[PDB]
Ligand SMILES: N[C@@H](Cc1ccc(Cl)cc1)C(=O)O
Ligand SMILES: [Mn+2]
């Protein structure tokens, strides 16, 4: 997700300033770059990957920040839950099974998932998924997903 | 001005029993592998504790469990589907009967782990009890093989003793499995093989018992074209090794100076 | 025999099958966090305690007990707790004690019981004197428990 | 993007319905946020011809004589109301959406207006209400109901993600639908060009900004209203028709994500120059807004002799002066590909977001210009009777897209699907891709319009979406996780237990914003916040919190103001910032305390918390200790640091009074620690079977001496056989030497192997009494029963 990229507009960033602050990288080392409040937990899947080796399954919860107007169903400070499963032979059929399991566990046997193609610079194929909520009887758009992007793996190994 | 280093209100501080901690850790280990924990009744029927598991009377194999036989009426022992079953009452000699109860009450595939207090008529010494705990495992489903039982235990070990741990399987006998086996895990620190529990591929006759009982209850057969593995391990012997307890008799001793020592642990 | 891990979608009737077990675990955990100390006591019972502690007679008995003091199956959880209390006063000499135990009890049907016991001076300042204890100390601790469990608690005489 | 069903249906004829369409676009990757039916026109509205316009003397109104089958008069105040155009005539009795009330025959300034001529807003087809709808005078037979040539339309409000800029063109959308299997109809640009020179030149002085730039030449123009079908189309798409030429350029833009603009040749001069703007340069843009250009703005300019003047803001919005109007006869047609970043910055710089900038920012087909010129010129020839030149003026020569290696096997492996090879290659071909070779790995080169297709993965998603994400089966992976991943969750699990034990002990969890008010740094007496926000939501949230307790003290007040809690025992775990980002645990007490509701004696304040905290660590099996130490934000009398397992991890005490006062709060007690707390490994201590030795003794010490030091010495000196040691009574006064106090200690001894002989005990009780006085402390009562 580079600068001046139309895709970077998907996240309204809070930019930070001030010195003396030590931001530490994945392997405990002291990294650099323009500081900001993370706009999503996603950066963590890069940190984890440079610090471990596949195969593996992780879920990373976390407080995220976005410059936005606070209303009844919108916050500037909220929480996300990332998921990342890497390994030889991992396919999109597995992403779909995971979410299927998520739904069942969250809404019962009469629940069901739905996947539609959507865009994200860090995945390809990319997708958005919704789960069927039997009680309220409607599709809840839960989150986005997809197969990790080639360039993300390259970034990890380069680092 | 106040002596802030002065003791504060003596609000009580609680704690969990060693077995609870051990059982918990075990249950977590397997939850991560997709196993769900369910329990069974401590008072059982000879049918569930023995017969259903391919362990008949006057059988040399039934001597592997010294049974506590119960008596008295008015007691209602309830079966898997909540129904009121019969048979000679006894204190379960192992958690195994529960894998029969669960199977007549559900359908494959599935993964369960069942912890539980078990009883055996035996002389109580420093490393032997008449009242202890086991943890059963049962994974049934189409295509389940012994390679999976071995992988489960491998995972159990890693989770319990680190990357330098390793498992070992030797053929051993149990009327409810075939192939049958005993497994030991390598304990790097103490540097020795700990015999943990027995296991094996569920026995054909156990599946038949389940489906037969199902018919008798009006349910349709569910274990005709599936295989599966089960395992069982003693909890105290492991809790002792793990928490460094010298005498197994402490667990049921009820001594606070003993119990209080485990508040920290998790 | 190689090592492997199985993959499969568990059959529907197996969902949340662990709820019960998980429910009781939280209970034990909240208790230990509230201040109660867990204790494990043998499932056996001394037929005499039926008379001692004033209880109806034990329904299940052992055809082959380890001893006559362990010839029956417990009907209540509190008698074993009252006992461990004495035994603790005899070996060591605890000034106080706030215990709890969860266990299977037998009578008509096998059922799971939760029992707790208080004893001693109480809550207050070690160097002071005013203290909180007795009935209302427990009743209070119990009020917190259910407050924590989001359940209505009430004690009628 | 607005997607008018009937318009799209022109390229994709076999479309089932707007509902089925919404469905198809969803599966293709386009979500519709709304579907609307839009042009209800009552029978009362008919097409009319303005035979003549006559201004009413003394008024700024006009008497229109209309041919509406029969001749009728109507009064209008619209500036564009003139003879020679067709209008929408709402006859008396017509129920118009835009007014609510019924239209009728009424007298205005001396003339009987037989109904009225409508504006886009009155007919309800557009928001524009500053003039009459202008139709071609011959659009219809006078008096025919307008519905008969302007049916209702259904419009989908489509989301078009940045990766699919080709979808910002209705034909682009059509192509995706084609890939699904629908027949595709592409418009034929029937042009009758004339080989002759273009009366102007092109000089692209900045190829960075204008990588590919073409110019078309159309003359002999007969500017006039657009056909009814185009106005309907444009209106449905959110735009407003202007006339022949201008409409054709919006139509084509909406059709193929290719903004274009017609410059009236009257203003071009010798030629068009694509250059950067000279500082200060002015330009009155089409929105009537007078602007001032920044030297970084790409501009479409013209020149005459030694003068260069701006004509439009390249790729964003054209100039007001060169705009094509009724008297225009010839134009220079701009169809280009601009540098996305440049357009992006310029657009922002001037606060402009246009149909054009939007598409150039997202990217345009690097080789679509020439095809776009034909489409436009063709349409201009058909609707404005344009005579078009055969040649174009071109500058730039983009390279075609490169081949991408594609393996049907990888596609299936990545998805977990099993689509037969042939099926895949066909899909790709339908999307306009070229497929060479015969596998297993192919050479797939995409259409220049697909900027989003560069990697093999990009191609496998094409196969997936056209096959349908629903055809991907469900599965669960199995594998032994790599070694370095073991117990990787310990940390997270550790903090969770902590929160849980706290909630079980009595603490109520609270979440407080990670932000901070720079002033509270002063208010709560803290060093200044190290990290600040370049763009805060407000100045009260301009910094990042350094402590967790200030937010807690605040929530307390806010809770006393809304509701009126008698007590409160809170806690919060959160990330704090200062030098390094660290996790903190903070708690706050307040109110009367613990006791009997109907009674009076109570337990509260410092020692209530200190006690609750003692339980916590008791539960965590960790050493807890509170030694006195000062803290700006704490009460000087009720203040001390925290020592978990020896090391200092935070503080505990009463909120400094002055702060309490400035905040108008009762005494508030609290603490804040640094996580993760230490880990004390178990070392089972086998209990002793034998009895323990019980002995008491008081220690006389000055009031100033901390209990901690006394206890420390007593224990330290009590010997290796000490079991317990508890303060059961603190006293001071008569008969002790005032300024002193006695500490009642309960002591125990015990030997693991055997019992203890009175010699060992009474001697050890001396080893203490010894160093007890040798340290300067008394012994109110030794060997006390
Ligand atoms: N429950 C058995 C141990 C066991 C053996 C084999 C299996 Cl498959 C499971 C459990 C016992 O009490 O010895
Ligand atoms: Mn794509």
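Protein chains in written order, with the deposited numbering: chain A, 139 to 297; chain A', 85 to 350; chain B, 472 to 628; chain B', 1 to 785. A prime marks a further copy of an entry chain.
Idealized CB from N, CA, C, for every residue including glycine.
Between residue 163 (chain B') and ligand 2, is there a pair consisting of the residue's CB and a ligand heavy atom that are separated by less than 7 Å? yes
Assign residue 506 (chain B') to buried or exposed, taking buried as 16 or more other Cβ atoms, counted over all protein chains shown, within 10 Å of its Cβ. buried
Between residue 518 (chain B) and chain A, is any beta-carbon pair separated by less than 8 Å? no
In chain order, what residues of the same chain have a beta carbon less than 7 Å from the beta carbon of residue 142 (chain B'), not counting five sequence neighbours either side? 47, 48, 49, 67, 68, 69
The region 311-343 of chain A': which residues have C-beta closer than 8 Å to a C-beta of chain B, in chain order? 335, 336, 338, 339, 340, 341, 343
Is any heavy atom in ligand 2 found nearer than 7 Å to the beta carbon of residue 262 (chain A)? True, at least one ligand heavy atom lies under 7 Å from that Cβ.
Interface residues of chain B' around residue 227 (chain A') at Cβ under 7 Å? Residues of chain B' passing the Cβ test: none, with the nearest at roughly 12 Å.
Output needed for residue 138 (chain A'): all residues of its chain with C-beta closer than 8 Å, excluding positions within five of it in sequence on either side, in chain order. 259, 260, 287, 289, 290, 293
Kindly list the residues whose CB is nearer than 7 Å to the CB of residue 308 (chain B'), restricted to its own chain and excluding five residues on each side of it in sequence; keep chain order. Shown here for residue 308 (chain B'): same chain residues with a beta carbon closer than 7 Å to its own, the five before and five after excluded, namely 273, 301 in chain order.
Less than 8 Å between CB atoms is the rule here; does residue 686 (chain B') satisfy it with respect to chain B? no
For a contact meaning CB atoms closer than 8 Å, what does residue 607 (chain B) contact in chain B'? 596
Report all residues for which the CB-ligand distance to some heavy atom of ligand 2 is below 5 Å; order them along the chain. One residue after another in chain order, those with a Cβ under 5 Å from a heavy atom of ligand 2 are B':452, B':458, B':461.
Flag this pair as yes or no: are the beta carbons of residue 396 (chain B') and residue 207 (chain B') separated by less than 8 Å? yes
Residue 152 (chain A) beta carbon less than 8 Å from that of residue 535 (chain B'): Result yes, Cβ atoms of residue 535 (chain B') and residue 152 (chain A) sit closer than 8 Å.
Taking 8 Å as the cut-off, decide whether the C-beta atoms of residue 214 (chain A) and residue 203 (chain A) are in contact. yes
For residue 472 (chain B), count the other beta carbons within 10 Å of its own beta carbon; 16 or more makes it buried, fewer makes it exposed. Which is it? exposed
Whole-angstrom distance between residue 731 (chain B') and residue 717 (chain B'), CA atom to CA atom: 22 Å
Three Cβ pairs or more, each shorter than 8 Å: is that satisfied between the region 234-249 of chain A' and the region 272-282 of chain A'? yes
Please go through the same chain and pick out, in chain order, the residues whose beta-carbon is closer than 6 Å to the beta-carbon of residue 12 (chain B'), but skip the five residues on each side of it. 174, 177, 182
Is the shortest distance between the beta-carbon of residue 153 (chain A) and the beta-carbons of chain B' less than 8 Å? Closer than 8 Å: yes.
Sub-8 Å separation of residue 520 (chain B) and residue 491 (chain B) beta-carbons: no
Express the C-alpha separation of residue 304 (chain B') and residue 204 (chain B') in angstroms, rounding to a whole number. 16 Å
Three CB pairs or more closer than 8 Å across the region 609-628 of chain B' and the region 90-105 of chain A': yes
Indicate whether at least one CB of chain A' lies closer than 8 Å to the CB of residue 626 (chain B'). yes
Quick one: does the C-beta of residue 479 (chain B) sit closer than 7 Å to a heavy atom of ligand 1? no
Indicate whether residue 243 (chain B') and residue 225 (chain B') have their beta-carbon atoms separated by less than 8 Å. yes
Could you check whether the Cβ of residue 134 (chain A') sits closer than 7 Å to any heavy atom belonging to ligand 1? Taking 7 Å as the cut-off, the C-beta of residue 134 (chain A') does not count as close to any heavy atom of ligand 1.
Is residue 84 (chain A') near ligand 1, with its Cβ less than 7 Å from a heavy atom? The question about residue 84 (chain A') has no answer here: the residues shown for chain A' are numbered 85 through 350.
Is the Cβ-Cβ distance between residue 272 (chain A) and residue 483 (chain B) less than 8 Å? Cβ atoms of residue 272 (chain A) and residue 483 (chain B): not closer than 8 Å.
DSSP three-state call for residue 511 (chain B'): helix, strand or coil? coil
Using a Cβ cut-off of 9 Å, which residues of the region 533-566 of chain B contact any Cβ in chain B', in chain order? 562, 563, 564, 566
In whole angstroms, give me the CA-to-CA distance for residue 161 (chain B') and residue 157 (chain A). 37 Å
Chain A' within 8 Å of residue 483 (chain B'), Cβ atoms only: Contacts with chain A' at 8 Å (Cβ-Cβ) include residue 483 (chain B').
In chain order, what residues of the same chain have a beta carbon less than 7 Å from the beta carbon of residue 280 (chain B'), not counting five sequence neighbours either side? 292
Please report how far the alpha carbon of residue 288 (chain B') lies from the alpha carbon of residue 319 (chain B'), in whole angstroms. 9 Å
Ligand 1 heavy atoms versus the CB of residue 121 (chain A'): any closer than 7 Å? no
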